[PDB]
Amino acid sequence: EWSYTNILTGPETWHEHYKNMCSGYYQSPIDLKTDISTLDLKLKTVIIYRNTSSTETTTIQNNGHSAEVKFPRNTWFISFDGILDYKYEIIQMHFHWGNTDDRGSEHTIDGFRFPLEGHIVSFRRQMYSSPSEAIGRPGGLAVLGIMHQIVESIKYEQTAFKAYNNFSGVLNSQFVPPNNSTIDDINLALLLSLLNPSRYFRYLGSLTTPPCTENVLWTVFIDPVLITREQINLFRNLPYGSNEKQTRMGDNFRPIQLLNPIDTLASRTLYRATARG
């Protein structure tokens, strides 16, 4: 029993209902403050790349709290080091948005909320042979945060929804929890090409939904990808699960967490990356 909008099970109760680890002091999301962060020139461009000979289908689910794309095993990867050796394997991508265009993102950048934040979830295949082995273990996960911003004038083909192949038109009011649907594959390499993959915040944090496990290497790109008002409204037609008070899915984001709450026993640092320039 957790929710976003039911005050009985809502984000204010997670620290009490899931003490391991929603009561911790390495929580996400955080305010990404450009002025307090440390520039680390050794942090390299992110690459996302696909196994050519992967064949299996991708699905999307209304899980009752978000829209979640489920990727097949052994097909999408992240490299942080310029080597294409399958250190990080993408599992899923899901979305957080607002009831209105001025909020939705989990992370903020200098206090600014975006209308939509996508989370590309990977496990550290370098160490862990399966996602179920990685999800609960130290240093198991690496998530990429993709900010989206609304523009009035754009060609479909230059929007993030082109990389998503419009979720194969699956997003509507009848896409009810816990239904899944097979979809055309997401071109995650095209998605990343829509922003500057050298320019990001980096820190150690947590899952943003219970149990808020403190095993996430976070990368949040500073430059947003672009969508239209019509595209954001496609997410807002989804219905929330029945444990929610609100009917239409929206405001599915966790409140901002401090980088270093007062009970921390070892402070964390927010880092930032920029291009060899």
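Quick note: we count residues from 1 along the sequence shown, nothing fancier.
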Decide which of the stretches 29-37 and 239-247 has the higher mean C-alpha B-factor, going by the entry. 239-247
167-175 versus 142-150 - greater average Cα B-factor per the deposited record: 167-175
Criterion, highest CA B-factor; candidates, 78, 183, 120, 189: 183
Return the residue from 111, 205, 72, 115 that has the highest Cα B-factor in the entry. 72
C-alpha B factor of residue 102, ranked within the chain: lowest, middle or highest third? highest
Taking the entry's C-alpha B-factors for this chain, is residue 9 in the lowest, middle or highest third? highest
Chain thirds of CA B-factor: placement of residue 135: middle
For the chain shown, is the CA B-factor of residue 84 in the lowest, middle or highest third of its modelled residues? highest
Where the record places residue 45 (Cα B-factor, split into thirds across the chain): lowest
